[PDB]
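Structure file model-v7.cif with mmCIF, C-alpha atoms:
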data_structure
loop_
_atom_site.group_PDB
_atom_site.id
_atom_site.type_symbol
_atom_site.label_atom_id
_atom_site.label_comp_id
_atom_site.auth_asym_id
_atom_site.auth_seq_id
_atom_site.Cartn_x
_atom_site.Cartn_y
_atom_site.Cartn_z
ATOM 1 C CA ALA A 225 51.589 7.164 -3.191
ATOM 2 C CA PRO A 226 54.671 7.304 -5.083
ATOM 3 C CA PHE A 227 57.652 6.563 -3.245
ATOM 4 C CA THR A 228 59.931 9.517 -2.619
ATOM 5 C CA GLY A 229 62.980 10.685 -0.725
ATOM 6 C CA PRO A 230 63.153 14.234 0.678
ATOM 7 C CA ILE A 231 64.809 16.887 -1.422
ATOM 8 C CA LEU A 232 67.345 17.892 1.191
ATOM 9 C CA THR A 233 71.109 18.211 1.247
ATOM 10 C CA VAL A 234 72.925 16.340 3.979
ATOM 11 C CA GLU A 235 73.580 19.744 5.568
ATOM 12 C CA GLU A 236 69.875 20.670 5.421
ATOM 13 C CA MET A 237 69.136 17.547 7.429
ATOM 14 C CA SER A 238 69.561 16.467 11.044
ATOM 15 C CA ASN A 239 71.123 13.442 12.777
ATOM 16 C CA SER A 240 68.536 11.029 14.106
ATOM 17 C CA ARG A 241 70.646 9.863 17.038
ATOM 18 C CA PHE A 242 71.715 13.159 18.623
ATOM 19 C CA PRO A 243 69.947 16.509 18.047
ATOM 20 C CA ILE A 244 72.421 18.093 15.663
ATOM 21 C CA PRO A 245 72.543 18.646 11.899
ATOM 22 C CA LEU A 246 74.198 16.078 9.631
ATOM 23 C CA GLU A 247 77.671 16.942 8.419
ATOM 24 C CA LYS A 248 78.610 14.304 5.836
ATOM 25 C CA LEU A 249 78.463 10.779 4.424
ATOM 26 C CA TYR A 250 80.723 7.798 5.203
ATOM 27 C CA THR A 251 80.588 4.110 4.195
ATOM 28 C CA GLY A 252 82.506 1.390 5.988
ATOM 29 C CA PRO A 253 83.051 -2.013 7.723
ATOM 30 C CA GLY A 255 82.097 -6.051 9.812
ATOM 31 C CA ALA A 256 83.003 -6.499 13.461
ATOM 32 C CA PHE A 257 80.219 -4.258 14.759
ATOM 33 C CA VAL A 258 77.140 -4.670 16.932
ATOM 34 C CA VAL A 259 75.200 -2.239 14.738
ATOM 35 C CA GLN A 260 71.688 -1.556 15.966
ATOM 36 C CA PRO A 261 71.012 2.100 16.768
ATOM 37 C CA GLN A 262 67.557 2.405 18.304
ATOM 38 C CA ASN A 263 66.692 5.940 17.141
ATOM 39 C CA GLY A 264 66.540 6.782 13.448
ATOM 40 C CA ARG A 265 64.767 3.513 12.672
ATOM 41 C CA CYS A 266 61.687 3.589 10.389
ATOM 42 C CA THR A 267 60.596 1.368 7.474
ATOM 43 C CA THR A 268 60.461 3.108 4.097
ATOM 44 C CA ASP A 269 56.711 2.663 4.247
ATOM 45 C CA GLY A 270 56.413 4.701 7.423
ATOM 46 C CA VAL A 271 56.546 2.273 10.328
ATOM 47 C CA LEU A 272 58.674 3.737 13.087
ATOM 48 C CA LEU A 273 60.503 1.168 15.170
ATOM 49 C CA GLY A 274 63.047 0.986 17.971
ATOM 50 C CA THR A 275 62.724 4.046 20.212
ATOM 51 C CA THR A 276 62.491 6.335 17.205
ATOM 52 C CA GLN A 277 60.074 9.287 17.393
ATOM 53 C CA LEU A 278 59.485 12.191 15.003
ATOM 54 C CA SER A 279 61.128 15.165 16.672
ATOM 55 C CA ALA A 280 64.856 15.802 16.239
ATOM 56 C CA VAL A 281 64.846 18.217 19.150
ATOM 57 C CA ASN A 282 63.656 15.505 21.578
ATOM 58 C CA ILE A 283 66.345 12.920 20.824
ATOM 59 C CA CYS A 284 68.357 12.402 24.027
ATOM 60 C CA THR A 285 66.242 14.652 26.250
ATOM 61 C CA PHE A 286 64.755 13.728 29.614
ATOM 62 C CA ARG A 287 61.862 15.255 31.560
ATOM 63 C CA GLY A 288 60.466 14.384 34.941
ATOM 64 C CA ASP A 289 61.213 15.262 38.545
ATOM 65 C CA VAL A 290 64.385 14.988 40.565
ATOM 66 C CA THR A 291 65.198 13.890 44.081
ATOM 67 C CA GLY A 292 68.654 14.869 45.207
ATOM 68 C CA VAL A 293 70.660 12.357 47.141
ATOM 69 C CA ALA A 294 72.093 14.091 50.248
ATOM 70 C CA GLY A 295 75.586 15.657 50.143
ATOM 71 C CA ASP A 298 74.365 13.314 41.788
ATOM 72 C CA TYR A 299 70.571 13.457 41.547
ATOM 73 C CA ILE A 300 67.946 10.985 40.329
ATOM 74 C CA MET A 301 65.196 11.833 37.875
ATOM 75 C CA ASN A 302 61.755 10.227 37.897
ATOM 76 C CA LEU A 303 60.893 9.937 34.209
ATOM 77 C CA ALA A 304 57.907 11.816 32.874
ATOM 78 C CA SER A 305 56.286 11.484 29.470
ATOM 79 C CA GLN A 306 57.946 13.550 26.799
ATOM 80 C CA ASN A 307 54.863 15.699 27.266
ATOM 81 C CA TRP A 308 55.371 15.890 31.022
ATOM 82 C CA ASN A 309 52.716 13.221 31.562
ATOM 83 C CA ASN A 310 53.050 9.921 33.404
ATOM 84 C CA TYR A 311 55.513 7.344 32.090
ATOM 85 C CA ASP A 312 54.227 3.844 31.355
ATOM 86 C CA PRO A 313 56.797 1.057 31.706
ATOM 87 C CA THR A 314 54.283 -1.209 29.861
ATOM 88 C CA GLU A 315 54.220 0.203 26.354
ATOM 89 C CA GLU A 316 55.931 -2.215 23.926
ATOM 90 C CA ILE A 317 59.193 -0.313 23.363
ATOM 91 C CA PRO A 318 62.853 -0.814 24.345
ATOM 92 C CA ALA A 319 62.506 2.425 26.306
ATOM 93 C CA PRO A 320 60.894 5.890 26.089
ATOM 94 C CA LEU A 321 61.145 7.093 22.495
ATOM 95 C CA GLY A 322 64.144 9.332 21.953
ATOM 96 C CA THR A 323 66.262 7.663 24.612
ATOM 97 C CA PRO A 324 69.987 7.306 23.630
ATOM 98 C CA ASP A 325 71.029 4.130 21.799
ATOM 99 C CA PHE A 326 74.702 3.779 22.627
ATOM 100 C CA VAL A 327 76.927 3.993 25.691
ATOM 101 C CA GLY A 328 78.718 7.199 26.665
ATOM 102 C CA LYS A 329 78.728 10.011 29.201
ATOM 103 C CA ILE A 330 76.292 12.552 27.787
ATOM 104 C CA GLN A 331 76.892 15.958 29.344
ATOM 105 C CA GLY A 332 74.218 18.642 29.246
ATOM 106 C CA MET A 333 72.107 20.950 31.378
ATOM 107 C CA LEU A 334 69.317 20.352 33.856
ATOM 108 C CA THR A 335 66.824 23.176 33.910
ATOM 109 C CA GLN A 336 63.874 23.486 36.267
ATOM 110 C CA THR A 337 61.233 25.965 37.332
ATOM 111 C CA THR A 338 59.968 26.118 40.886
ATOM 112 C CA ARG A 339 56.263 25.989 40.089
ATOM 113 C CA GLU A 340 53.845 28.941 40.240
ATOM 114 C CA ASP A 341 56.142 31.342 42.063
ATOM 115 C CA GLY A 342 58.457 31.940 39.133
ATOM 116 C CA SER A 343 61.978 30.965 40.156
ATOM 117 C CA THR A 344 63.991 28.826 37.733
ATOM 118 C CA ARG A 345 67.481 27.309 37.829
ATOM 119 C CA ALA A 346 69.917 25.205 35.837
ATOM 120 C CA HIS A 347 73.148 23.332 36.516
ATOM 121 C CA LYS A 348 75.651 21.403 34.479
ATOM 122 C CA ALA A 349 75.065 17.638 34.591
ATOM 123 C CA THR A 350 76.178 14.436 32.940
ATOM 124 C CA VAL A 351 74.594 11.003 32.641
ATOM 125 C CA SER A 352 76.400 7.769 31.805
ATOM 126 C CA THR A 353 74.246 5.508 29.690
ATOM 127 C CA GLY A 354 76.687 2.928 30.948
ATOM 128 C CA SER A 355 75.919 3.519 34.620
ATOM 129 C CA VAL A 356 73.806 0.485 35.523
ATOM 130 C CA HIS A 357 71.608 3.150 37.146
ATOM 131 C CA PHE A 358 70.630 4.341 33.692
ATOM 132 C CA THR A 359 67.216 2.665 33.977
ATOM 133 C CA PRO A 360 64.973 4.727 31.623
ATOM 134 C CA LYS A 361 62.723 1.734 30.864
ATOM 135 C CA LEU A 362 62.192 1.298 34.583
ATOM 136 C CA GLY A 363 61.490 5.015 34.475
ATOM 137 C CA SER A 364 64.526 6.389 36.312
ATOM 138 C CA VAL A 365 67.874 7.994 35.498
ATOM 139 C CA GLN A 366 70.502 9.752 37.626
ATOM 140 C CA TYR A 367 72.766 12.629 36.656
ATOM 141 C CA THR A 368 76.105 13.515 38.184
ATOM 142 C CA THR A 369 75.316 17.231 38.441
ATOM 143 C CA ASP A 370 77.408 20.209 39.492
ATOM 144 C CA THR A 371 75.666 21.013 42.761
ATOM 145 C CA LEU A 375 67.181 21.983 42.770
ATOM 146 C CA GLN A 376 63.879 21.304 44.566
ATOM 147 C CA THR A 377 61.764 18.175 44.466
ATOM 148 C CA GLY A 378 58.236 18.095 43.106
ATOM 149 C CA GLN A 379 59.192 20.466 40.286
ATOM 150 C CA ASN A 380 59.505 19.650 36.560
ATOM 151 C CA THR A 381 63.159 19.103 35.794
ATOM 152 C CA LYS A 382 64.314 18.931 32.187
ATOM 153 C CA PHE A 383 67.629 17.671 30.863
ATOM 154 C CA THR A 384 68.695 19.273 27.596
ATOM 155 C CA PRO A 385 71.573 17.278 25.911
ATOM 156 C CA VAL A 386 74.646 19.081 24.561
ATOM 157 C CA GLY A 387 77.449 16.592 23.847
ATOM 158 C CA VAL A 388 79.658 13.704 25.032
ATOM 159 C CA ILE A 389 82.823 13.353 27.128
ATOM 160 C CA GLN A 390 85.873 11.201 28.008
ATOM 161 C CA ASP A 391 88.366 10.279 30.752
ATOM 162 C CA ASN A 394 92.842 7.260 27.415
ATOM 163 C CA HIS A 395 91.645 8.478 23.999
ATOM 164 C CA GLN A 396 88.672 8.049 21.620
ATOM 165 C CA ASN A 397 87.308 5.576 24.841
ATOM 166 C CA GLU A 398 84.678 6.058 24.858
ATOM 167 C CA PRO A 399 81.279 6.382 23.067
ATOM 168 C CA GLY A 400 80.522 3.571 22.531
ATOM 169 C CA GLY A 401 78.572 4.705 19.461
ATOM 170 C CA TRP A 402 77.427 1.172 18.687
ATOM 171 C CA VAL A 403 77.354 0.033 22.278
ATOM 172 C CA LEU A 404 73.680 -0.316 23.140
ATOM 173 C CA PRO A 405 72.918 0.555 26.773
ATOM 174 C CA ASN A 406 70.774 -1.482 29.161
ATOM 175 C CA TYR A 407 67.476 0.407 29.345
ATOM 176 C CA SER A 408 66.461 -1.731 32.337
ATOM 177 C CA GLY A 409 69.652 -1.774 34.388
ATOM 178 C CA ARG A 410 70.041 -5.088 36.165
ATOM 179 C CA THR A 411 66.328 -5.958 35.990
ATOM 180 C CA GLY A 412 66.579 -7.330 32.412
ATOM 181 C CA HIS A 413 67.632 -7.387 28.736
ATOM 182 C CA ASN A 414 66.354 -4.698 26.372
ATOM 183 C CA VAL A 415 62.948 -5.400 24.832
ATOM 184 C CA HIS A 416 61.351 -4.808 21.407
ATOM 185 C CA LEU A 417 64.678 -3.843 19.854
ATOM 186 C CA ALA A 418 65.134 -2.833 16.242
ATOM 187 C CA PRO A 419 66.809 -5.474 13.996
ATOM 188 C CA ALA A 420 70.595 -5.214 13.995
ATOM 189 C CA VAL A 421 71.833 -4.220 10.537
ATOM 190 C CA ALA A 422 74.731 -5.107 8.236
ATOM 191 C CA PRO A 423 75.411 -5.234 4.465
ATOM 192 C CA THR A 424 74.727 -8.757 3.180
ATOM 193 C CA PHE A 425 75.291 -8.377 -0.544
ATOM 194 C CA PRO A 426 78.818 -8.852 -1.996
ATOM 195 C CA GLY A 427 81.296 -6.065 -1.273
ATOM 196 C CA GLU A 428 78.622 -3.532 -0.385
ATOM 197 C CA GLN A 429 78.994 -1.509 2.781
ATOM 198 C CA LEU A 430 76.655 0.501 4.963
ATOM 199 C CA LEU A 431 76.170 4.111 3.936
ATOM 200 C CA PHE A 432 75.861 6.114 7.146
ATOM 201 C CA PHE A 433 74.914 9.761 7.794
ATOM 202 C CA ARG A 434 77.576 11.373 9.960
ATOM 203 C CA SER A 435 77.762 14.288 12.365
ATOM 204 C CA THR A 436 80.077 15.242 15.221
ATOM 205 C CA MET A 437 78.878 15.329 18.793
ATOM 206 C CA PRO A 438 80.210 18.427 20.607
ATOM 207 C CA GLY A 439 83.104 17.439 22.862
ATOM 208 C CA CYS A 440 82.668 18.956 26.355
ATOM 209 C CA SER A 441 85.541 17.343 28.321
ATOM 210 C CA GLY A 442 88.348 14.902 27.612
ATOM 211 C CA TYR A 443 89.162 13.282 24.284
ATOM 212 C CA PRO A 444 85.850 11.460 23.473
ATOM 213 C CA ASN A 445 85.130 9.706 20.189
ATOM 214 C CA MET A 446 82.792 12.310 18.746
ATOM 215 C CA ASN A 447 81.667 10.448 15.627
ATOM 216 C CA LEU A 448 77.939 9.645 15.479
ATOM 217 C CA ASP A 449 76.658 7.611 12.573
ATOM 218 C CA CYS A 450 72.915 7.173 12.058
ATOM 219 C CA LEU A 451 71.316 5.117 9.266
ATOM 220 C CA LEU A 452 68.625 7.627 8.428
ATOM 221 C CA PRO A 453 68.307 11.408 8.522
ATOM 222 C CA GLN A 454 65.548 12.508 10.865
ATOM 223 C CA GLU A 455 63.571 14.161 8.041
ATOM 224 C CA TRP A 456 63.709 10.891 6.115
ATOM 225 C CA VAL A 457 62.099 9.267 9.169
ATOM 226 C CA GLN A 458 59.619 12.151 9.164
ATOM 227 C CA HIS A 459 58.979 11.803 5.442
ATOM 228 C CA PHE A 460 58.302 8.058 5.330
ATOM 229 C CA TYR A 461 56.156 8.356 8.446
ATOM 230 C CA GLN A 462 54.169 11.092 6.738
ATOM 231 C CA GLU A 463 53.980 9.595 3.231
ATOM 232 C CA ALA A 464 53.825 5.991 4.342
ATOM 233 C CA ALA A 465 54.354 4.940 0.729
ATOM 234 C CA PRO A 466 54.227 1.161 -0.084
ATOM 235 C CA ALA A 467 57.405 -0.856 -0.685
ATOM 236 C CA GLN A 468 56.754 -2.243 -4.199
ATOM 237 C CA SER A 469 60.052 -4.141 -3.705
ATOM 238 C CA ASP A 470 62.740 -5.037 -1.151
ATOM 239 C CA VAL A 471 65.171 -2.414 -2.437
ATOM 240 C CA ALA A 472 64.666 1.125 -3.763
ATOM 241 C CA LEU A 473 67.173 2.703 -6.107
ATOM 242 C CA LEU A 474 68.435 6.131 -5.144
ATOM 243 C CA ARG A 475 70.668 8.528 -7.094
ATOM 244 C CA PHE A 476 72.596 11.316 -5.400
ATOM 245 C CA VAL A 477 72.393 14.197 -7.903
ATOM 246 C CA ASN A 478 74.122 17.621 -8.081
ATOM 247 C CA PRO A 479 71.407 20.297 -8.659
ATOM 248 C CA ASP A 480 73.929 22.518 -10.416
ATOM 249 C CA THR A 481 75.490 20.357 -13.121
ATOM 250 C CA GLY A 482 72.446 18.107 -13.139
ATOM 251 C CA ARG A 483 74.720 15.081 -13.058
ATOM 252 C CA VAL A 484 74.314 11.955 -10.912
ATOM 253 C CA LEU A 485 77.158 11.677 -8.430
ATOM 254 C CA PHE A 486 76.426 8.137 -7.302
ATOM 255 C CA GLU A 487 73.843 5.545 -6.339
ATOM 256 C CA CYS A 488 72.880 3.645 -3.225
ATOM 257 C CA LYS A 489 70.026 1.436 -2.191
ATOM 258 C CA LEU A 490 67.405 2.113 0.426
ATOM 259 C CA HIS A 491 66.203 -1.204 1.772
ATOM 260 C CA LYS A 492 62.525 -1.106 2.712
ATOM 261 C CA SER A 493 63.614 -2.270 6.173
ATOM 262 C CA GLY A 494 65.305 1.079 6.773
ATOM 263 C CA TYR A 495 69.045 1.301 5.995
ATOM 264 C CA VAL A 496 71.467 2.454 3.305
ATOM 265 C CA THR A 497 74.133 0.441 1.491
ATOM 266 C CA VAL A 498 76.758 1.417 -1.072
ATOM 267 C CA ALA A 499 78.706 -0.704 -3.524
ATOM 268 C CA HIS A 500 82.111 0.145 -2.035
ATOM 269 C CA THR A 501 84.847 -1.407 0.151
ATOM 270 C CA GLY A 502 87.033 0.062 2.876
ATOM 271 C CA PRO A 503 86.861 3.322 4.866
ATOM 272 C CA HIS A 504 86.228 6.632 3.080
ATOM 273 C CA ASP A 505 84.421 9.828 4.161
ATOM 274 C CA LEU A 506 82.437 10.679 1.007
ATOM 275 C CA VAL A 507 83.028 13.981 -0.766
ATOM 276 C CA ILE A 508 79.881 15.553 -2.065
ATOM 277 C CA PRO A 509 78.805 18.969 -3.445
ATOM 278 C CA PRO A 510 77.014 21.005 -0.736
ATOM 279 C CA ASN A 511 73.936 21.174 -2.970
ATOM 280 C CA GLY A 512 73.834 17.406 -3.308
ATOM 281 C CA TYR A 513 70.542 15.720 -2.477
ATOM 282 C CA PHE A 514 69.057 12.213 -2.899
ATOM 283 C CA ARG A 515 66.377 11.255 -5.434
ATOM 284 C CA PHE A 516 64.482 7.940 -5.685
ATOM 285 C CA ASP A 517 64.548 6.392 -9.142
ATOM 286 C CA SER A 518 62.954 2.956 -8.688
ATOM 287 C CA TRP A 519 62.598 -0.371 -6.841
ATOM 288 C CA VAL A 520 64.841 -3.385 -7.529
ATOM 289 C CA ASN A 521 65.477 -7.037 -6.662
ATOM 290 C CA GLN A 522 67.854 -7.428 -3.751
ATOM 291 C CA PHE A 523 70.228 -8.688 -6.462
ATOM 292 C CA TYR A 524 70.631 -5.430 -8.410
ATOM 293 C CA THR A 525 74.404 -4.849 -8.436
ATOM 294 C CA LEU A 526 75.372 -1.189 -7.995
ATOM 295 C CA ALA A 527 77.576 1.036 -10.111
ATOM 296 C CA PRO A 528 80.475 1.598 -7.627
ATOM 297 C CA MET A 529 81.120 4.913 -5.881
#
Could you rewrite the structure in this file as structure tokens?
Amino acid sequence: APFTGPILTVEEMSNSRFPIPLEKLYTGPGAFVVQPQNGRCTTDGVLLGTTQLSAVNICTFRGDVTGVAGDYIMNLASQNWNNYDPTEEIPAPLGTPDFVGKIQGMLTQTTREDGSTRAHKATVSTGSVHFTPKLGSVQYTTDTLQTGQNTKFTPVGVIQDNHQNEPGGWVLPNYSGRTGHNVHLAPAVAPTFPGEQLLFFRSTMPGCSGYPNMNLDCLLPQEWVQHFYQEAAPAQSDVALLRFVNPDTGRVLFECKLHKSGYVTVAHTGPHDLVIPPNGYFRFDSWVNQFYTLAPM
């Protein structure tokens, strides 16, 4: 099982931390608590953190709701509408958000075998110490919805209330409110090697109110996560050499290294939103010692 990377342009891929396509590449610094929980999978196919395979289920919630008299609280159900098990060895239900911000979306429901259905705007602060997904409960500050009926929360974007103030992007939430620290987390990440920086995969979370910081950097495209999980190819070395080619010219644009552990680094310093040809895609060339110095970018 040869090791491989998917043949997909950044635009043909999807963000692994919010259900939306990728938009571009960006490498940068240093003073950051960097440990996204979704979009975490070893190059050999071992999913970690709260990462699951579907891009459409990232940041969604299913369950039941009980409205507080004159917000609403949701009793978490399994992604498949089944029972939720606080036991399983994960930081929280797979797909759960891995940063702090007020995610606004829609709550849809269907009043069982009768037919009626209904939906209302709703937001949910992953900062609200009542954001207890691990415990199996989460409350939304709706815009109003029976009890006993399957309520779904479909995510749509983030908001604000000062500027760029929010989203905490790299601010991990507390899956178990007061009750305790997050468990079974995914290793924090950061470029160790000299001068190298992390090569992220950017997208822009739809703003729905205020002046929120809409950037959303993930370390792996969802299909990459899907590919390694499928292929489950062995990591003949710590680092795998990748070349970003241009299908048209047939000329390498630049290189980067995919570390078996699951992240991407680029031999470059300082901020800079990469500029690539829309047809650009990544291609694995070979494994290398963690010492292989990279041709800059």
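Using only C-alpha atoms, the nearest neighbour of residue 290 in chain A within the list A:522, A:377, A:447, A:497 is A:377.
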What is the distance between CA of residue 326 in chain A and CA of residue 259 in chain A, in Å to one decimal?
-> 9.9 Å
Pick out the residues sitting within 12 Å of residue 311 in chain A, and hand them over as a ChimeraX atom specification; count all atoms listed in the file, and ignore anything fewer than 3 positions along from it in its own chain.
-> /A:286-289,302-308,314-315,319-321,360-364
Selection: 10 Å around residue 422 in chain A, only C-alpha atoms, excl. self and same-chain fewer than 2 positions, as a VMD selection string = chain A and resid 253 255 to 260 419 to 420 424 to 425 428 to 430 495 to 497
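Proximity to residue 410 in chain A was assessed for A:491, A:357, A:434, A:395 counting all atoms listed in the file; the smallest distance is recorded for A:357.
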As a check of understanding: the span from CA of residue 431 in chain A to CA of residue 484 in chain A is 16.9 Å
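Among the candidates A:461, A:383, A:524, A:299, the residue lying nearest to residue 333 in chain A is A:383 (atoms considered: all atoms listed in the file).
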Please write as a PyMOL selection string the full residue list that the PyMOL selection byres ((chain A and resi 268) around 8) yields on this file.
-> chain A and resi 266-267+269-271+460+464-467+490-494
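Counting all atoms listed in the file, the residue from A:521, A:359, A:451, A:312 that sits nearest to residue 421 in chain A is A:451.
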For residue 349 in chain A, work out the shell of residues within 10 Å, counting all atoms listed in the file and skipping chain neighbours fewer than 3 positions away, then give it as a count of residues only.
-> 18
The PyMOL selection byres ((chain A and resi 404) around 10) resolved against shown file, as a PyMOL selection string = chain A and resi 258-262+324-328+353-354+400-403+405-407+414
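The space between CA of residue 338 in chain A and CA of residue 379 in chain A spans 5.7 Å.
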Can you find the residues with an atom no farther than 7 Å from (71.8, 13.7, -0.9), counting only C-alpha atoms, and report them as a PyMOL selection string?
-> chain A and resi 232-234+476+512-514
Select, from A:394, A:435, A:441, A:352, the residue with the minimum atom-to-atom distance to residue 453 in chain A, counting all atoms listed in the file.
-> A:435
Counting all atoms listed in the file, the residue among A:301, A:351, A:386, A:375 that lies closest to residue 282 in chain A is A:386
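Taken over the shown file, the PyMOL selection byres ((chain A and resi 443) around 7) identifies residues 389, 390, 395, 396, 441, 442, 444 and 445 of chain A.
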